[PDB]
Amino acid sequence: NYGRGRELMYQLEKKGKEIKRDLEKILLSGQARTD
Amino acid sequence: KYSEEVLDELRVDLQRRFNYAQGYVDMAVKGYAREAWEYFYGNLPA
Amino acid sequence: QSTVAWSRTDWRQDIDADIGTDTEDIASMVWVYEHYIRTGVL
Amino acid sequence: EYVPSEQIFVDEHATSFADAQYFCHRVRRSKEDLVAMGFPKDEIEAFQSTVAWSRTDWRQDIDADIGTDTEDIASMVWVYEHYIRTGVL
Amino acid sequence: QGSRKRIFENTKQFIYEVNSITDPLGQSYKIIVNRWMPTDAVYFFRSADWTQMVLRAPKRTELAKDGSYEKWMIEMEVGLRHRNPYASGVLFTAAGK
Amino acid sequence: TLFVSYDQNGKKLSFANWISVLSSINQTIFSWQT
């Protein structure tokens, strides 16, 4: 690689933290079980 | 004479390393260990 | 996950609950991170 | 130390280590040992054998990042070791 | 109203914070600040009464392979339960206009 | 002739990744009694 290399794990950790924050926010938020 | 910037860099590196290690180990071991424990008591077959 | 796998090894325990320890009590158990790393931090 | 067969490369005309003319063995060594022998001013020399290994099981992925910083001297790097019978002279 | 106020006896320290309440019944109340909440809502609950029921950890996984066009998937699945509905209180702001 | 040898600057360095950080049931349905 030219610039950094090994971007996959970086992106994966980023997405993991993103889904963690999203879960926290949506769980502390109110929404019905519309089905 | 440990600098605080050194400790911050170490914290960042260790955090990313732990993130990668967790992302791996989870699907590597625990995804199987959970169902294995469930089969231990026969609770997985519903 | 570390709590799920443990609370599923059995179906009785729940590590993320309160057994009665006050949060201010010095003996209150807390999660700490221990690490062994081979690296040239220097 | 043990050595898998996925990190070995040999010629076809050979039948044993004795008559072997060429024998390669990729290794994963830190940057420390390399600095001990070359390029002291430069330590940023970054980069089937992985497929067969990651398929011996279904948990490991040798081409991933376990958390080691690329600049960290202990960062493991792939080096090529070779034994060759030849008159390079 | 002249019923409660602060006092500084030559103190070089301004502390405009309060994170603990005690009602006339004696039930204390800790306070925590979470940015992941909606603006117009406050939740009165307990840590043990609520639990996060998880189904599968992230479980790093792959979808398929078309060559160099790699992909990856996650299988996060959880669920929320409450011991008693009428045990955690909430109050909003309404009746405007 | 004319040897200065002050402008090598053959660094050829790569990036360093100095980014910033800001960081079980079996069935699909579960029930409880109250």
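Residues numbered from 1 in each chain as written, not as in the entry; some residues may be left out. Chains lettered and ligands numbered in written order. Part of a larger assembly, values for the part shown. Heavy atoms only, no water.

Structure determination for this entry is recorded as cryo-EM, at 4.6 Å resolution.

Chemist: Tell me about the side chain of C:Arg8, and please be specific about residues and values.
Modeler: Along the chain, C:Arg8 turns up in helix α1 (residues 2-9). Comment: no salt bridge for buried C:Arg8; closest opposite-charge side chain is B:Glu38, at 5.4 Å. Those residues in contact with C:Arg8, other than ones at most four positions away along the chain, are B:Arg34, B:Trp37, F:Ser24 and F:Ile25. (Helix = DSSP H or I, 4+ residues; strand = E, 2+ residues; numbered from the N terminus. Buried < 20%, exposed > 50% of the residue type's maximum accessible area, 1.4 Å probe, protein only. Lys, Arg positive; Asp, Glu negative; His and termini not counted. Salt bridge = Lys/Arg side-chain N within 4 Å of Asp/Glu carboxyl O. Contact = heavy atoms within 4.5 Å.)

Chemist: Describe the pattern of salt bridges, naming the residues involved and giving the relevant values.
Modeler: Enumeration over the complete set of coordinates arrives at eleven salt bridges over all chains. A salt bridge links B:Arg17 to B:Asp13; the nearest nitrogen and oxygen atoms lie 4.0 Å apart. Residue B:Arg17 and its partner B:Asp13 are located together in helix α1 (residues 4-40), separated by four residues, close to a single helical turn. Two residues, C:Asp18 and E:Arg46, come together in a salt bridge whose shortest N-O distance is 3.7 Å.

Chemist: How would you summarise the sheet that holds strand β1 (residues 9-10) of chain D if you had to cite specific residues and measurements?
Modeler: Residues and elements named next belong to chain D. Reading across the sheet, the three strands line up as β1-β2-β3 and stay open at both edges, with antiparallel pairing between neighbours. Edge strands, defined here as strands with exactly one partner in the open sheet, are β1 and β3 (76-84). Sheet analysis places strand β2 (residues 22-30) next to β3, joined by nine bridges and oriented antiparallel. Paired with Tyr22 across the strands is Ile84, a residue of β3. (Pairing = 2+ DSSP bridges.)

Chemist: Hey, could you go over the interface of chain A and chain B for me, with residue numbers and the actual values?
Modeler: On the chain B side, the residues contacting the four residues of chain A number four residues. In total, about 420 Å² of surface goes out of reach between chain A and chain B, with carbon and sulfur atoms giving 50% of it. If you look at where chain A meets chain B, you find zero salt bridges. Between the two partners, chain A and chain B, sit two residue pairs in polar contact. Of the residues in the side of chain A that touches chain B, the class split is two nonpolar, no polar and two charged. (Buried area = accessible area lost by both parts, 1.4 Å probe. Polar contact = N/O pair within 3.5 Å; in protein donor to acceptor, adjacent residues only side chain to side chain. Nonpolar A, V, L, I, M, F, W, Y, C, P; charged D, E, K, R; others polar.)

Chemist: Pulling in residues and values, what's your account of α1(B)?
Modeler: All names here are of chain B. At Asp26, α1 shows its maximal kink, close to 45°. Put simply, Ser3 is the residue that caps the front of α1, since its side-chain oxygen is 3.3 Å from the backbone nitrogen of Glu5. At the exit of α1 stands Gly42, carrying a positive phi of roughly 70°. (Bend = angle between axes of the 7 residues up to and from the residue.)

Chemist: How would you summarise the packing of aromatic side chains if you had to cite specific residues and measurements?
Modeler: Each aromatic ring pair is specified by the distance between its two centres and by the angle formed by the two planes. Summed over the entire model, instances satisfying the criterion amount to seven aromatic pairs over all chains. Note on B:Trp37 and B:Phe40: the rings are 5.2 Å apart at their centroids and 75° apart in plane angle, and the pair reads as edge-to-face. Linking B:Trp37 with B:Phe40, this pair stays in helix α1, spanning three residues, or about one helical turn. Assessed through its relative accessible area of 35%, B:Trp37 is described here as partly exposed. What makes B:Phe40 exposed here is its relative accessible area of 60%. Relative to E:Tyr16, the ring of E:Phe14 lies with its centre 6.0 Å away and its plane at 15°, an arrangement referred to as stacked. Assigned by exposure class, E:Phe14 and E:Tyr16 land together as exposed. Aromatic ring contacts, followed pair by pair, group B:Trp37, B:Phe40 and B:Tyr41 into a single cluster. (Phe/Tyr/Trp six-rings, centres within 6.5 Å; stacked < 30°, edge-to-face > 60°.)

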